[PDB]
């Protein structure tokens, strides 16, 4: 294990992760600028100063140039580029996609990558073009897989194992499942460059989702060639963690200027809709008259700033549970991106497994699409049975109508549309009915039976809070989302009222003592867990004998908990000890 990856925060199918490679730590989503070893528009040391702690170069281009190879073998790529962050390197597969044949063998560049002290390498995977004869897509993929097995045998460093299969979702699934069973640390998704250039974002969505579906969750995903800000928000919402960009430099040499919404020709710019170091002091009409070398430099820097800025924007949105809103905003950039956005939302089943149970932000109805967001479709179905049971429905701008008993609970209460939703507070005789409704809603069918005989306390306002029964607190309704926070007593009740494995996270014999003491539960110790658990659900920490050890909040889905070996699986609230 030379590569460690763990989730720190999440939204949609996206996540902010901590990625460690042989001692170097980087936060994802992240973009690695592509550096041309022959003509570096922006010096690696300057990229590093700008905050780019990971970059990529062409080991093949280096290998072929006598001078470059000599220096790379003499000082290592790090000293050669005078860069200290993570240096990822490509294999020359891109030259393969352009010329068909390359003058170096898979084993050869791999060994070369090792010789120059590369942080992360890549083998000669074949980038089958889109809409290619299924025959070619298969023949090429098998070679890719063969070259992969070879790389798995000789690699001594972290390496990229790229998924191919052209535009055939079944080949994608196959590639993903196969490379997922091999010893590799990162899984790029290739062959998409031509799609991105053509703005065929819908096809990329299909390729990306089919790949993510078959890929094991705990490994970072890299979208090869997605180096333009316009796709960041969407790609990250699908679960992409890494991006690489050469366009920042190539566009600059073409007097092309990037924007989160697309690209513009410098000669069509009357104003700079940006405030970066470059745009804050210069002007379109000035830049246009500068020496090309200078014009290229300033554009490159600008492009890098906008790319860096989008990433930060995306991470900040994930942090506040607003990614979908941002994605919705960026979808209006281009008709094709809008097409791709609608398509992504059709994949409710894939998206639903990762969609957090509760978010910081309120549900915003800002378009027709938002009514199709994962959280909306989930709350709809989960409320159906709660309505035909508790009745007393009220009107809701977004969900139409929902029982007054869920009106204080996310996302019904925690949402906003064109018109405002009037939440109906409980009564002294009503309270418990709410707690029961929430339980049945948050924990599933039967959960109320753990609270029936309880007494709900009300705050200075008519809001439900502390839930008690013949003593100790069973749980508490949160003010922030109207969801229940389990106390050890309430956890015990749920445990006996709900059959195994509902709400369970089964831990290591070794992990048992810690959970009992209330320490947090770490993924590597989770041997099994309820497949229904969603990020942020209340959870029952248990041993194999299903004995309650503690209660806490999930940070991963049931499945992820099993698969993941790094990061916390559960944030424990209280233990049995």
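Residue numbers count along the first chain shown, from 1.
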{"property": "Per the entry, higher mean C-alpha B factor between 235-243 and 463-471", "result": "463-471"}
{"property": "435-443 set against 420-428, stretch whose average Cα temperature factor tops the other in the entry", "result": "420-428"}
{"property": "Residue, from 37, 535, 29, 532, that the PDB entry assigns the highest Cα B-factor", "result": "37"}
{"property": "Out of 363, 195, 323, 299, highest CA B-factor residue", "result": "363"}
{"property": "Third of the chain's Cα B-factor distribution that residue 544 belongs to, per the entry", "result": "middle"}
{"property": "CA B-factor ranking of residue 292, expressed as a third of its chain", "result": "middle"}
{"property": "Ranked C-alpha temperature factor of residue 307 among modelled chain residues, by third", "result": "lowest"}
{"property": "Record-listed C-alpha B factor of residue 315: chain third", "result": "lowest"}
{"property": "Residue 369, C-alpha B-factor rank within chain (lowest, middle or highest third)", "result": "middle"}
